[PDB]
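Protein chains in written order, with the deposited numbering: chain C, 21 to 260; chain D, 21 to 260; chain B, 21 to 260; chain E, 21 to 260; chain A, 21 to 260; chain F, 21 to 260; chain G, 21 to 260; chain H, 21 to 260.
8 protein chains.
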Amino acid sequence: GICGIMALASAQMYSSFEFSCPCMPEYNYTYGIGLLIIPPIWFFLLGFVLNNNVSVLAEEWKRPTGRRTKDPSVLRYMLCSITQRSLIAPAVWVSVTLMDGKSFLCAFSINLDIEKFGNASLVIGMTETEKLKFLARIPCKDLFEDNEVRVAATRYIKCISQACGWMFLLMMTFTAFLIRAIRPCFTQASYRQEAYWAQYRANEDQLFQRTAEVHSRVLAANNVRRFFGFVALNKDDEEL
Amino acid sequence: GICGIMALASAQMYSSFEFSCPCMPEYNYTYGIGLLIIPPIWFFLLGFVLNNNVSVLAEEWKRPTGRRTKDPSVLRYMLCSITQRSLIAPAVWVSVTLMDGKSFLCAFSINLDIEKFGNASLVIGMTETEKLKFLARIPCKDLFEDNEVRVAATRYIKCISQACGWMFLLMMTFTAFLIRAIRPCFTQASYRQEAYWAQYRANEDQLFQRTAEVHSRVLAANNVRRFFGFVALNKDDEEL
Amino acid sequence: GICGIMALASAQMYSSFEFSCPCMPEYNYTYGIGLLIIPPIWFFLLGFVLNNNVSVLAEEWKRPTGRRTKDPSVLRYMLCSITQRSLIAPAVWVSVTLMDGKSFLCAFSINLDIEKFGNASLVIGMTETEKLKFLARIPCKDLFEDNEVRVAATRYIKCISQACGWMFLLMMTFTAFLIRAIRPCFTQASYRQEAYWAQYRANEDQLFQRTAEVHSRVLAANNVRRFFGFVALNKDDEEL
Amino acid sequence: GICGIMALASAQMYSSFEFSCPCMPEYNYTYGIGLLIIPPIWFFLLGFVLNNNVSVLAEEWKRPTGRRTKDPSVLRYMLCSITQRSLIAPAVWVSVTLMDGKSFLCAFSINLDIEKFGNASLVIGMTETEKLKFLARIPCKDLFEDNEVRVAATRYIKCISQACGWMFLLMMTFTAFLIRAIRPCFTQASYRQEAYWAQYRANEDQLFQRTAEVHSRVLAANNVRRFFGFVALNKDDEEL
Amino acid sequence: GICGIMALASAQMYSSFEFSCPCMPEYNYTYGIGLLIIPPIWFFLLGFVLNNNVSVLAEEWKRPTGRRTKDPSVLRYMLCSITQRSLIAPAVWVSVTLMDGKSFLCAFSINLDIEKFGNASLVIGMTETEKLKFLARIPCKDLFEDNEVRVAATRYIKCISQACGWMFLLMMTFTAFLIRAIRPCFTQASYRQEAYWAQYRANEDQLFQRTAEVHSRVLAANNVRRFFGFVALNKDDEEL
Amino acid sequence: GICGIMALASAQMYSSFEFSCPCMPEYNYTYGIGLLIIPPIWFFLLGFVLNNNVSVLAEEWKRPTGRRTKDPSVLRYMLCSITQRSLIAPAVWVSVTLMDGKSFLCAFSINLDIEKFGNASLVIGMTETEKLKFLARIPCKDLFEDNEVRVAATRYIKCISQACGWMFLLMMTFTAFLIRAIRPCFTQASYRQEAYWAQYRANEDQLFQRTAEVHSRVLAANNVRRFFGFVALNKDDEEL
Amino acid sequence: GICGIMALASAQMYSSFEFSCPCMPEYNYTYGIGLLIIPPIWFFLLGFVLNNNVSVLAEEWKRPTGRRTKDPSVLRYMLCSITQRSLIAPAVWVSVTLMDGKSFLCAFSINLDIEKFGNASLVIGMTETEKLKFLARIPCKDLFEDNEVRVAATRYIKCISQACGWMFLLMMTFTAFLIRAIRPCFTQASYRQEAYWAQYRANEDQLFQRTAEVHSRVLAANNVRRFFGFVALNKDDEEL
Amino acid sequence: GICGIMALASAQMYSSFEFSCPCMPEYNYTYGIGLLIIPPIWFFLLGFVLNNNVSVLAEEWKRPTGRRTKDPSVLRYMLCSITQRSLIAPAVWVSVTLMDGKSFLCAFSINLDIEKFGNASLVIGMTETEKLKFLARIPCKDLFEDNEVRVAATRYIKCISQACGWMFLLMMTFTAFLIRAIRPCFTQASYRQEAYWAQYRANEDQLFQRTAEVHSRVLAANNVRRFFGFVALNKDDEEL
């Protein structure tokens, strides 16, 4: 479906994105956490734009009451099904980013205790501004000279990022399991009036196709006789 | 089926997961054993969410008695078949993790006796805090300097992990062999009333499809005549 | 469609374009920003040329009123649908250029503060003309001798370029989400008179095909009898 | 069949199993011989679980006599055919393990006479505990320093393992040749009553399919008329 | 079409052409600019030769008036459509040559100011004849010894060549957009008399095919009876 | 056929067998010659087990006379055709093993005269036990230090093994040519009574299939009416 | 045909045969010339065994006269066509072996004059036994130390082997051209009585198939009625 | 056709032939020129053997006059068409050998003037026997020590060989162009009596097929009734 291709595209944009973490302390956090948050808000609003039933939902909330074709508990159902469909490409991005651990490493490596992984005399002798500037280059593979305290710290934050990646997949799946145990009682067999209005819209456009094409057959025959001096019809006269 | 693709996806997430064991003693055990346990609880609740008959099971336990369409021994059968289907992707993860031995090596390498594999003078001269910090880096391939006591200890715990991986596959298969010898007497030919209710639900939605589409044909013809000034019907009138 | 192939061609011209940033201060900005701007104006006017309904739109604005076949609110709808279709290959170019960060690096690397990334004694000792000529060669990989302040500065501007690339995709998607919530009330079911005129044009050309081909059958039979001395007709006489 | 895929899977699990023999004398024997024995007991009980006629066999032994549908010499035939089908994936594992010789090398290399292959002064000077610890690391390729007495001893036990692998294939094939010369007189044309009960079960489930689906057609038509206010039937009425 | 394959062949001849710029000052300009200009004049006259309607156009301008089958405003339309079709393979060559920048580098590298890119003492000490002979070998990769002023100058002229390559694509697309807004009023629905004459020519040749083949059937039957002494006709007599 | 796949499998087991010749004098001969002999006896008894007409042959020799369906000269013909079919996978193994010469080299390299190929002073100075232990390691490529007398002796015994491999293929083919010149007079057109009994067995099982399936149709209809309260038959009633 | 696959298999056995020429003077000639001669006698007797019309030819020469179905000049024609078909896989082996020159090099390199190719002082100083042992190792690439007189002598005998390989292909083709100019007068249109007996044998076996299968239908129906108590026939009764 | 595959096989035997030019003066010429000449005489007589109309031509020249079915000017036409078909695989060999120049280099490099290509002091100091032995090794790439006079002489004779290869293709094509301008007047429409005799032979063998197969049907029915006691005919009786 559309959410099968958006789940595949969210994992595929992560693979072709080249993570380019700055190594500065005031721009580490907003780049690292911003890349966790802002591509879900993009993949969520993409899940509204590519779901054409929000255009139907738009014009139903526009009219005043009396003309409205659904109950407000049926317009609220269209809201909830278009939402919990479009929350798969966000949550594939947030889970793939957290298992890979590049974004926790960029965002949180100015918060480390560098005593725990290696040489404490790396940092004894620098000011707190230079302390942060030493720590902030840990994600940046080709700007950090120590390879033992780099490997020990990118392993610790890739671990804690994978712990938060599994507790996220466990609270997302336990949420979606709670709505396969509750939300059928929220719909209460109103999806049939949704599916009747779905079929009513689809055939009304198709009946508009055959009627306008037949109305086109009428105008085209008069225009062709005026064209060269000849009116001509093959088995396109069978609708005429 | 769905459990053929979940058994394949559980083995495939293990291959594309990159194991990133920390090398610290307080975070070794919870990372190693947590990766044995928490992805089965995820693959189990995924086996409920992607099995739509729990949505049917949900609304049958919601109503009071008198309206309920099954016996409570038939609702309990739906519970048992949806359970013992969804226990294959857990047990493929726990068996693949135990044959590979990376998770027993992370979790249990602070428990070793380092005298048994090599140089006892590696550890004579360090405190018990530094003793654990020496032992805990055994999984971490690029943080451990000795390669003889690393190879001897990751071979010993990959062995014991494969012994526990075969005694797990033997107690899982001897359990599933006990339910192919008992559980047909637990069902007691009640699956036919389940399969009758299965066919009753499926055709009721399909008969709702043809009836609403025919009801859509009625409303679309009146709407098209009001649309441009023309009502038109091809062999879509054959249901009309 | 045509906008599926133009979105694919815009990303494909970026991959096969070889970025050749000059390293001079007066030609850095106009090359870098000009490559952000001028290939969108090309991909936009390409989206008008390859959309043949602008040729229809052209001759409808050419005639005086009384002869015109649409309302001016229907000619304005053809303008808006041909515009917001053709704005996808620009915005795929501007997003791919901003995620790659090569154009912000060319354009904005004469604006840097070189103190923030490394050796301040690189530039103490040169005039402001030579200061710019030192800084301007930062994009030019094989003209810059320092590799630490090159890697630190192309990482900082590839970051800020990716921040502007995500805030662009978020203001483009939030704009297109605002027109899936407003613009159906701007069209107001006038697309049917557009689709009736679309079908009226298409069948009028096809009826001109069959009538001129039948008129061709009349002239070809008289010409063949004058040709060798023989008039001959197979089942091409079935339209005759 | 199922035994074609289990013979292929048993050879395929051996290829993807990574043999990880410990190098200790008390854990060599139980790892080496345990890997010869315990994956046959798994592949045997897998040959019962994936053969659904044991579920039929289960409920026939459950009932008391008088109700039982076979003779006890026909239930014993179902036992013997399900056994000698399921003994192919064990015997492909035991033959592939014995031709490869890795399991005899792990299990039996503490039993060697190290005088027969090379330097006798390797072991003159160590205690019998260190004698076993020297010999036990012969399978372990990267823990043994001598390469002449390693190559001479893994060649001797890979030979004796291939001798036992051919005398196993010769006593397995001479056994199965004795049952293609005896066991047709054990069945005594009772397989026809087995095949009649096989066809009686299969069509009874299929006739339960068509009858419950027709019973589903009755309930679905009444439910659809109560659904929106319409009862509708296509050529699904042809069974109605 | 034919202009799809000529646009593909023009880009493909550029890829398989091996640019072999001389390094002399009197033959640089005519080789570099001549390769910009002369393969468009070839790809333009190839667009007339492979467009057979110029053969039709040829014999219509040959006859005197009174016999001529079109208006002179219809012969002028055939000129304009065969022209603006055949201008795509030129303009793909001129755009691909300008984005690649090899032809501006050959043609214009005797015009450079070599002070702007590097060592000014390269040229202080040579006469103006040797000055040009030094500068002219800049395109010639294996004849120029300096690699810093070579890389700085082939980057500057590949830039200015890409600036002229985008302002060419912008003045070609803005021209073709002006003729999708004007030229339908230049044709003024005379393409139907062109398409009637197109169908009149095509069926007149096909009716000449069936009539001459039937006239061939008459002569072949008389010739075969004179051949061996036998006249014979299968279902080739069905046209006879 | 079955003997096409057994000839292919016998050559394919030789390619995937890894020859692991011991280098000891008392285990050279039994490994080398045993690998020539014992895999033919396996491939021969495999040619009886996978040829189901020995199961027919088994039960015909089991009964006393008077009931027996063939003449004893027709049971002896079934013996001879099942034998000379099953002798192809042995003789492909013995020919492939003899052309490759690895088994004559293992078996017969303690029998060599080492004077004929090189340095006679290799063996002057060792006892006859050490003489055999020197000679026996000639097959073992990585245990023999001389490469001139190794290459000269494995070339001499690979020659004599290829001479015995061609005189084997010549006495096997001249034998099978003698039975295409004699054995048709041994059969004496009794294969027709074999082929009549072959067709009598095959259709008797197939007529047992249709009759038991029709008997299954009778029992399934009574069981389905007792099942839910409904007896139902589609075009499965056409045999009923 | 069969001789297309035997010509392909004879060239394919030469490619996969690994030539293993001994380097001794008494075993050079019999290995080299024996490999020219003995695989043709094998490929010739293989051309009789795989040509089933020799089994027909066998039983026609077995009977006394009066019963014999051919003339002795027609049995002699079957001999000549089965011979000159089966002489293609020999003559592809003898031509491929002679163009490759490995067998003339093994067989005839003890016959050389070593003065003609290089250092005459290689052999001045050895006895005639050591003279032959020096010369005999010329084919053996890794046993001969001189590479100039090796390359000069394996080039001379690969030449003379290719001269004998072309004069063989010229006397084989001029022979087969003499039998396409003579042997049609030897057959004298007796192949029609051969082809009538060929069709008489083939349809007699096929009519034996349909008659025995119909006789099988009679016995199977009586056996099935005695089997479970039921006689049953589908459209297998159409031959009954 | 057959001459399409022989032209492809002649070029393909040249590619897989490994040219093995001796380096001796008395065997250079006969190997080099013999390889130009003798594989055309083979590919010519192969063009007679694989053209079955020479077997027809053979038996027509065998009979005396009065019985002969063609005129002697029609038998001479069969000679000329079978000749000038079979001269394509020779002339592809002679042209491919002459463009490659290996055979002129072998044959004619004892005829060179070695003064023209390099060091004249290579040969001043050797006798005329050693002069030829120096020159004759020029084709032999790994026997000639000078690489400047080798490269200069194999370039000169590969040139003259390509000059003779183009003047051969020009005198072969100008010959075949002279027979497409003359030889249709040599045939003089006698190919129709050839094509009538071609069709008379082909249908006479096919009518012999159906008649002998029907005669086979008569004998097979009598033989089958004598076979088991049953005569049986399916739709093979439709020709009976």
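For every residue, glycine included, the Cβ atom is placed at its ideal position computed from N, Cα and C.
Where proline 42 (chain C) meets chain B, residues with beta-carbon distance less than 7 Å: Numbered from 1 along the first sequence, position 22 holds the residue referred to as residue 42 (chain C). Scanning chain B for C-beta atoms nearer than 7 Å to the C-beta of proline 42 (chain C) yields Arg175, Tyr176, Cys179, reported in chain order.
Per-residue burial, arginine 83 (chain C) [other beta carbons within 10 Å of its own, 16 or more giving buried]: The sequence position of residue 83 (chain C) within the first sequence is 63, counting from 1. By the neighbour-count rule (16 or more Cβ atoms within 10 Å), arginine 83 (chain C) is not buried but exposed.
Interface positions of the region 70–102 of chain G facing chain H (Cβ-Cβ less than 7 Å), listed along the chain: none
Where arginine 246 (chain B) falls, given that 16 or more other Cβ within 10 Å makes a residue buried: Within the third sequence, residue 246 (chain B) is the residue found at index 226, counting from 1. Its Cβ having fewer than 16 others within 10 Å, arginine 246 (chain B) is exposed.
Proximal residues, the region 239–255 of chain B versus chain A, C-beta separation under 9 Å: Correct list: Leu239, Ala240, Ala241, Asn243, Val244, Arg245, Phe247, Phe248, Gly249, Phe250, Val251, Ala252, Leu253, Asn254.
Straight-line Cα distance separating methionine 98 (chain C) from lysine 90 (chain C): Stepping through the first sequence from its first residue, residue 90 (chain C) is reached at position 70. Stepping through the first sequence from its first residue, residue 98 (chain C) is reached at position 78. Cα to Cα, the separation comes out at about 10 Å.
Amino acids of chain D, ordered along the chain, whose beta-carbon sits closer than 8 Å to that of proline 204 (chain C): If you number the first sequence from 1, residue 204 (chain C) lands on position 184. Correct list: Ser75, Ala78, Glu79.
Residues near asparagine 48 (chain F) in its chain [Cβ-Cβ closer than 8 Å; skip 5 each side]: If you number the sixth sequence from 1, residue 48 (chain F) lands on position 28. Correct list, in chain order: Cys41, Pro42, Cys126, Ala127, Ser129, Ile130, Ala156, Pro159.
Interface partners of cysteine 23 (chain H) on chain G, CB under 9 Å: In the eighth sequence, counting from the first residue as 1, residue 23 (chain H) sits at position 3. Chain G residues near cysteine 23 (chain H): none, gap ~17 Å exceeds 9 Å.
Three-state secondary structure (DSSP) of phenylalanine 194 (chain F): Numbered from its first residue, the sixth sequence carries residue 194 (chain F) at position 174. Correct three-state label for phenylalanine 194 (chain F): helix.
Backbone CA spacing between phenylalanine 188 (chain D) and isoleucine 144 (chain E) [nearest angstrom]: Working through the second sequence from its first residue, we reach residue 188 (chain D) at position 168. Working through the fourth sequence from its first residue, we reach residue 144 (chain E) at position 124. The alpha-carbon atoms of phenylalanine 188 (chain D) and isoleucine 144 (chain E) are separated by roughly 43 Å.
Continuous alpha helix (DSSP H) assignments of at least 4 residues falling wholly in the region 79–166 of chain G: DSSP runs (the alpha helix (DSSP H)) wholly in the region 79–166 of chain G: 92–106, 109–120, 122–128, 148–155.
Inter-residue CB distance, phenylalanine 228 (chain F) and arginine 212 (chain E) (contact presumed, cutoff 8 Å): Taking the first residue of the sixth sequence as position 1, residue 228 (chain F) is located at position 208. Taking the first residue of the fourth sequence as position 1, residue 212 (chain E) is located at position 192. About 6 Å separates the two Cβ atoms, so the contact holds.
Simplified DSSP assignment, three categories, for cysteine 184 (chain A): Counting from 1 along the fifth sequence, the entry for residue 184 (chain A) is found at position 164. Note: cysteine 184 (chain A) maps to helix in three-state DSSP.
Cβ separation of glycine 185 (chain G) and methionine 119 (chain G), assumed to be a contact under 8 Å, to the nearest whole Å: To locate residue 185 (chain G), count along the seventh sequence from 1; it is residue 165. To locate residue 119 (chain G), count along the seventh sequence from 1; it is residue 99. That pair is a contact at about 5 Å.
Within-9 Å CB hit, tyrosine 49 (chain C) to chain D: Within the first sequence, numbered from 1, the residue matching residue 49 (chain C) stands at position 29. Not an interface residue.
Residue environment, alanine 241 (chain H), which counts as buried when at least 16 other CB atoms sit within 10 Å: Within the eighth sequence, the letter at position 221 stands for residue 241 (chain H). Burial of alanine 241 (chain H) is indicated by the presence of at least 16 other C-beta atoms within 10 angstroms of its C-beta.
Contacts that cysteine 160 (chain G) makes with chain F (C-beta to C-beta distance below 9 Å): On the seventh sequence, residue 160 (chain G) is found 140 positions in, with the first residue counted as 1. Near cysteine 160 (chain G) (Cβ distances below 9 Å), the residues of chain F are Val171, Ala172, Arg175.
Cβ pair count under 8 Å reaching 3, the region 102–112 of chain A against the region 23–42 of chain A: yes
Pairwise C-alpha distance: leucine 253 (chain G) and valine 251 (chain H): In the eighth sequence, residue 251 (chain H) corresponds to position 231, counting from 1. In the seventh sequence, residue 253 (chain G) corresponds to position 233, counting from 1. Taking the straight line from one Cα to the other gives about 22 Å.
Neighbour list for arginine 230 (chain B) in chain C, Cβ cutoff strictly below 7 Å: Mapped onto the third sequence, residue 230 (chain B) falls at position 210. Residues of chain C passing the Cβ test: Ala252, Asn254.
Contact set between the region 182–198 of chain E and chain F, restricted to residues whose Cβ is under 9 Å from the partner: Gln182, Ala183, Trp186, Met187, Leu189, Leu190, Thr193, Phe194, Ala196, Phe197
Within 9 Å, strictly: CB atoms of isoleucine 61 (chain F) and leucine 190 (chain E): As a working note, residue 61 (chain F) is residue 41 in the sixth sequence. As a working note, residue 190 (chain E) is residue 170 in the fourth sequence. Yes, these two residues count as a Cβ contact at 9 Å.
Within 7 Å of chain E by C-beta, residues of the region 203–222 of chain D in sequence order: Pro204, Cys205, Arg212, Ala215, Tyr216, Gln219, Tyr220
CB of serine 106 (chain D) within 9 Å of CB of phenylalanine 154 (chain D), strictly: To locate residue 106 (chain D), count along the second sequence from 1; it is residue 86. To locate residue 154 (chain D), count along the second sequence from 1; it is residue 134. No.
For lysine 122 (chain A), the nearest candidate out of A:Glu135, A:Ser75, A:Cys179, A:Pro92 (CA to CA): Here residue 122 (chain A) refers to the residue found at position 102 of the fifth sequence. Among A:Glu135, A:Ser75, A:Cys179, A:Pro92, the Cα nearest to that of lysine 122 (chain A) is on A:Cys179.
C-beta atoms of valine 169 (chain H) and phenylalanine 124 (chain H) nearer than 9 Å: In the eighth sequence, the residue the question calls residue 169 (chain H) occupies position 149. In the eighth sequence, the residue the question calls residue 124 (chain H) occupies position 104. In this structure, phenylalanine 124 (chain H) does not lie closer than 9 Å to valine 169 (chain H) by Cβ.
Run of the alpha helix (DSSP H) containing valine 244 (chain B), from where it starts to where it stops: Stepping through the third sequence from its first residue, residue 244 (chain B) is reached at position 224. Element bounds for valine 244 (chain B): 211–247.
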